[PDB]
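Here is the structure we will look at, set down as structure tokens.
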Amino acid sequence: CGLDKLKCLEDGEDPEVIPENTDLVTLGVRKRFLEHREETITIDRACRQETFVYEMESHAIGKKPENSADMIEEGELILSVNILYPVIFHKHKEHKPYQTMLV
DNA sequence: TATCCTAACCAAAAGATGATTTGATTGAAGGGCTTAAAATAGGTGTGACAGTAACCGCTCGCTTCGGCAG
């Protein structure tokens, strides 16, 4: 069960380029997405679809507190709560204006 | 420079503008009436009739069962 049997990618390979030596339909669709975004009018490193989630994940994921009293108990429940804003679009119903709080 | 404004333009939220599709309304017609009359021909149930029926504060008079009489 060693990883040499599974690691088609070497540890020194960047994720910014699609490996052409693949048979994946997913990577084919990814190539279709990337090819039409390489022109001077379309090439950029802007937001993909959203930014907030990773920014507030990496800012806190895997970190530990500076005080002992602020320690999460082992096995403590983590609850994800979405709080909607008072200013609703009142034009769309699929998506909502909300902020997600972890308690 | 690190960073920004926001003229003119690109990506996305929202904010809006007219053409088209679907939920909803209805105009007209199938239909099935009305009393008004005049008429012969009719069937019986039923609803009066009638009957029994039943159910639903003070002061006198009168009486008895023993304690001596005979």
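Going by the structure tokens order, chains are called A, B, ..., each with residues numbered from 1, while ligands are numbered from 1 in the order shown.
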
- Query: Counting only C-alpha atoms (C1' of nucleotides), which residues from chain A have an atom at most 9 Å from any atom of chain B, and could you show them as a PyMOL selection string?
  - Reply: chain A and resi 41+89+91

Run DSSP on the backbone and grab whatever in stretch 6-74 of chain A lands in alpha helix (DSSP H); send it over as a PDB file with C-alpha atoms, in the first residue's frame.
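Generated output (selection08.pdb):
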ATOM      1  CA  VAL A  25     -12.116  13.801 -18.472  1.00  0.00           C
ATOM      2  CA  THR A  26     -11.935  16.217 -15.534  1.00  0.00           C
ATOM      3  CA  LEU A  27      -8.521  17.451 -16.657  1.00  0.00           C
ATOM      4  CA  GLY A  28      -9.838  17.694 -20.216  1.00  0.00           C
ATOM      5  CA  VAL A  29     -12.620  20.013 -19.065  1.00  0.00           C
ATOM      6  CA  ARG A  30     -10.030  21.888 -17.003  1.00  0.00           C
ATOM      7  CA  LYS A  31      -7.888  22.321 -20.121  1.00  0.00           C
ATOM      8  CA  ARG A  32     -10.957  23.599 -21.967  1.00  0.00           C
ATOM      9  CA  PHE A  33     -11.491  26.166 -19.200  1.00  0.00           C
ATOM     10  CA  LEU A  34      -7.835  27.248 -19.124  1.00  0.00           C
ATOM     11  CA  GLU A  35      -7.192  27.457 -22.880  1.00  0.00           C
ATOM     12  CA  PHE A  52     -13.372  34.746   1.783  1.00  0.00           C
ATOM     13  CA  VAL A  53     -13.435  31.030   2.594  1.00  0.00           C
ATOM     14  CA  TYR A  54      -9.754  30.206   2.094  1.00  0.00           C
ATOM     15  CA  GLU A  55      -8.556  33.527   3.504  1.00  0.00           C
ATOM     16  CA  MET A  56     -10.300  32.891   6.815  1.00  0.00           C
ATOM     17  CA  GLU A  57      -9.442  29.170   6.734  1.00  0.00           C
ATOM     18  CA  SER A  58      -5.671  29.504   6.332  1.00  0.00           C
TER      19      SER A  58
END

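Note that the spacing between atom CA of residue A:44 and atom CA of residue A:20 amounts to 21.7 Å.
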
- Please identify which residues in chain A DSSP calls strand (DSSP E or B) from the backbone, and express them as a ChimeraX atom specification. /A:80-84,98-102
